[PDB]
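*Asks:*
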Amino acid sequence: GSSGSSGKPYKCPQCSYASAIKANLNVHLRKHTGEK
Ligand SMILES: [Zn+2]
């Protein structure tokens, strides 16, 4: 079942978001833990 994007080591605990840099992921979450 085609799903998620494999590659980068750092993966998001929420979505299938993966990044090569840690700091990058950190900011990515800043949005996950926030909504209107
Ligand atoms: Zn995410």
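Here the sequence shown is numbered in the entry's author numbering, starting from 1 and rising by one per residue. Even for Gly, the Cβ is constructed at its ideal location relative to N, Cα and C.
#1: State yes or no: is the C-beta of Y10 nearer than 7 Å to some heavy atom of ligand 1?
#2: If distances are taken between C-alpha atoms only, which option among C15, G1 and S19 comes closest to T33?
#3: Would you kindly work out how many angstroms separate the C-alpha atoms of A23 and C12, rounded to a whole number?
#4: Could you tell me the alpha carbon to alpha carbon distance between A20 and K36, rounded to whole angstroms?
*Replies:* On the basis of the coordinates in this document:
#1: Within the sequence shown, numbered from 1, the residue matching residue 10 stands at position 10. No, Cβ of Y10 sits at least 7 Å from all heavy atoms of ligand 1.
#2: Your numbering for residue 33 matches position 33 in the sequence shown. Answer by Cα proximity: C15.
#3: In the sequence shown, residue 23 corresponds to position 23, counting from 1. In the sequence shown, residue 12 corresponds to position 12, counting from 1. So the alpha carbons of these two residues sit roughly 12 Å apart.
#4: For the purposes of this step, residue 20 is taken as residue 20 along the sequence shown, with counting starting at 1. For the purposes of this step, residue 36 is taken as residue 36 along the sequence shown, with counting starting at 1. Near 29 Å, if we compare the C-alpha coordinates of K36 and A20.
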